[PDB]
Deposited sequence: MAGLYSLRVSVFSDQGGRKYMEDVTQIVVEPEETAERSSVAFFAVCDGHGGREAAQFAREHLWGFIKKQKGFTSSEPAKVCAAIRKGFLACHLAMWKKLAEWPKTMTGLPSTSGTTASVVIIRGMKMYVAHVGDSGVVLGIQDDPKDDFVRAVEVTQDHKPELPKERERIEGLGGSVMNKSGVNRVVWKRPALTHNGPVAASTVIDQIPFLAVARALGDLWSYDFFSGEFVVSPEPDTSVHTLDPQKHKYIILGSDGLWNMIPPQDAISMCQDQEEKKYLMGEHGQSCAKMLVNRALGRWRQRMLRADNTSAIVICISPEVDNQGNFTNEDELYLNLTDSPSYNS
């Protein structure tokens, strides 16, 4: 069952109209002694907020925390998903220890930085997907066909999602519509012995987050229960890749998905793939095309563009290799990339 297929990967991110770039992306391909030096491929999009520090920390450390966990190289998927979940948690817990080193807010309080994190890990014919937040992951599947259908395989962790609101209200928080957007409302401040700032002023400085799960956001720690109101535990899923039917995996931040719906995005990739081999080295990758398309829609709607990021993975049943901004991967050939 050790199947042969190829991937072609592109990635692009743009700051949009924001003053800082807090989106990050990551791609790591490395041989696994487990799969007899067949390579595992890790892809991630992290949409940071409250400062770039958390997203940058996940960029540098999330994959290492994941692949260290017991059961990660197990052949049983339930154990792989369990290891991936533990790696998210370990990365979150490592940020807590880093918090003193991250820059203070403009009022002198500890950093409020946090980040969504969406991860795709391909090993063999299996695709593991883990996420916290709203940087969605979309598959394209061809059922032959000249139409590729989008499938959304992650659900955004919005505060008003019922499972999330239940968890938040159970810790003593609330979910409130603030200016048309539902937000987590937490009023329990992080109090110290040596800190100067007034407690009532700490309370007013607590963020109102638009996601209910993230890595970081350590202000959400609940001293009473020991839980974090903004949860670092990801949803996990496993899918069997069928190179005859699966054609695309898109990971993206909400800068992309707020402008470009899943089917629009998958149908655009299907159109760009034709063009990409007519412009050759100098056409836009699918990822670059998606980001620029979203930026065009932000502008056309007269809105400041968010940070916008995408990773597009094209799946091919062939294993025979011209776009300079695309990485070709055959995982049974032990490629190494950024590793």
{"item": "Stretches of the record's deposited sequence for which the structure holds no C-alpha atoms", "value": "144-145, 324-327"}
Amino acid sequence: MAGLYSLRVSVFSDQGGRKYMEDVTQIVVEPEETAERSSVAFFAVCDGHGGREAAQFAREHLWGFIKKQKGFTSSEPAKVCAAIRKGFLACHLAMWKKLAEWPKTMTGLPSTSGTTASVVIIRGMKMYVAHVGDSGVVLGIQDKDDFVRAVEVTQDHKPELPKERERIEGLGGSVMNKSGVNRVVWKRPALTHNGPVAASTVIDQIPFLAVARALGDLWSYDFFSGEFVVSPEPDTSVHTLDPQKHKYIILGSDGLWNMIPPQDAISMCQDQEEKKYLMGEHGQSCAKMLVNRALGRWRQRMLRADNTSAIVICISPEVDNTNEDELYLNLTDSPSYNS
From here on, numbers count along this sequence of modelled residues.
query: Higher-B stretch (mean Cα B-factor, as the entry records it), 275-283 or 303-311; finding: 275-283
query: Mean temperature factor over C-alpha atoms, higher-scoring stretch between 285-293 and 66-74; finding: 66-74
query: Highest recorded Cα temperature factor - choice among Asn258, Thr115, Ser200, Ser225; finding: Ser200
query: Options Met127, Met176, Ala150, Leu218 - largest CA temperature factor per the record; finding: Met176
query: Relative C-alpha B-factor of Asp204, binned into the chain's lowest, middle or highest third; finding: highest
query: Third assignment of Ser111 from its chain's C-alpha B-factors; finding: lowest
query: Among modelled residues of the same chain, the CA temperature factor third for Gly170; finding: middle
query: Modelled-residue ranking by C-alpha temperature factor, third containing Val319; finding: highest
query: Modelled-residue ranking by C-alpha temperature factor, third containing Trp96; finding: highest
